[PDB]
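A single chain, nothing else alongside it, follows as structure tokens in the form deposited in one PDB entry.
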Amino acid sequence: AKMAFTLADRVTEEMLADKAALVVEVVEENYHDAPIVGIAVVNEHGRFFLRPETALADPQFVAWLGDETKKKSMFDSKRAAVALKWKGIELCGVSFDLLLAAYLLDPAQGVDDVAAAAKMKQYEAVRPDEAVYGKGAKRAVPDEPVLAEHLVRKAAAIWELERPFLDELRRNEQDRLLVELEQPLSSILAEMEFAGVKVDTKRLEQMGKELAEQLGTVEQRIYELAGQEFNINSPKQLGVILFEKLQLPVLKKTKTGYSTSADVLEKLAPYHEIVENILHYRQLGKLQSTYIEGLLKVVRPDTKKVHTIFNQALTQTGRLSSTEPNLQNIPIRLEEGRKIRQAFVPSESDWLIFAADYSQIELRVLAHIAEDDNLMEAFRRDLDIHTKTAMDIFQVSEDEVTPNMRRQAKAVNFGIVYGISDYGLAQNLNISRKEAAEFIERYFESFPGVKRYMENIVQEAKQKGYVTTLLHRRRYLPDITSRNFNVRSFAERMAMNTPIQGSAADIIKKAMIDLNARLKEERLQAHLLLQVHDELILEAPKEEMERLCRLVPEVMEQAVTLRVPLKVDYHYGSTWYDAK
């Protein structure tokens, strides 16, 4: 059953045809400055395996790789593109990426290797990467014979599956989504990841020392209030101290003991001083372990930069995710944590950080898709949406809206985007289901368009079996027909939320593509560093700030045309912290 191929000792013309399935294997999960263990090429002339040191040293092969007119079909082209960037080699002409194709066809399949993608089309003549390389620590690159056949089988699968995948994407009206959106975006994310973000390690270490002292102080205070020393991080021990020694009320338990989540502690705070200290300890410990020590662990010792990897084929809604490190969840909500951002600085002298963010893109998207007259008018007047929602549901004028009213109206708006339910809103606001139901009823009386939309999208999910986004991203919801209330409700909330969060993802992704095109046309040095769901962070010479202030918001606001305007705010400064 073995697959025939040529284990070449050198590159030949036959291997450089204008169309081929290409495999540039990088086994390390984190591909930054990582080894390329082998190369496979499958084209009209046959199947070939090439040793990396050989192929990458061949001028003809390198030229072929960078020739945009020589088309390549691959799986996870970003991985190869980045690994090649670290070697100073440009990869061009990728016309088809099987990973992105599989992802668009069905995000829920969780495709993360050629074998999983091929299985979708009943093609199984290729092994899963885990089977070949192993997992965790027992992982390793096989001997050449085994490695070579595997890479060739992967290239062969890609060669065979391109057409079937493209045909189905076409039937789904997702052909442009792959070719004009996700694939071009992949190249942009590759540049962003490769550029990396500079870190002021001296700043982080200083913060780490100050946090260590404060943690010591709070730690001693906790032992003092508990009447003894114990492992504050030990659930078993903390549980005994709080709910047994100190007799605090037990409101929530886990599959092993008592729950001490912030949500629980906040309600226990009034009963004992030790609680606020535990919450504070939690806050500092989180910053220290995850954002100081953790971050320092992945900073490149030579350049002092961090190179995240944006997983473009993971989320069920079309969003990106970020890892090692995750640069999409750096603190900002609480001032003490926000300081962490002072450690993220420009990569060059006299450059600055520029951040642009969409204002209420999810609710604006909702106004558009639901075609709700009241909601669309609200955004056309660029009103404070939470104050406006409070005015409508509580039947009062703007001057009569109290802070508590805006807060609750805001919670209602979050629930609306998440997939509203009386139980969900009730838990969030700490009110009764009946009271929550009333808020929801009032909301729908004021936004009948949204109500009709939520009713219709759930019905559509049942009829078609999936929901879609503005640019035709898809998410199947088989549980929408479940006869189990909890299971079905999960699916219903997904039907309501996915088109909103997903369309917002579509919009910013297109904005990124449009932005890079504009930056190149203007030959600006400014470039993207990060994307945080509804915001874009760039760095650029101080001399380019004025032009960026006009260019970035415009490009983001014009990415797509909706029934309501899109609004973008922006800030810039010496550090990410200051870009506010």
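All residue numbers refer to positions in the sequence shown, first residue = 1. Only the largest set of C-alpha atoms that superpose within 1.5 Å between the two forms is called the rigid core.
Keep in mind that the form deposited in another entry is missing from the display, and what follows is about it.
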| property | result |
| --- | --- |
| Core-fitted Cα difference of 2 Å or more between the shown form and the other one, single residue among 188, 295, 426, 345 | 426 |
| Residue 130 C-alpha shift between the shown form and the other one of 2 Å or more, rigid core reference | no |
| Core fit, then residue 416 C-alpha moves 2 Å or more between the shown form and the other one | yes |
| Exceeds or equals 2 Å, Cα of residue 314 between the shown form and the other one, core fit | no |
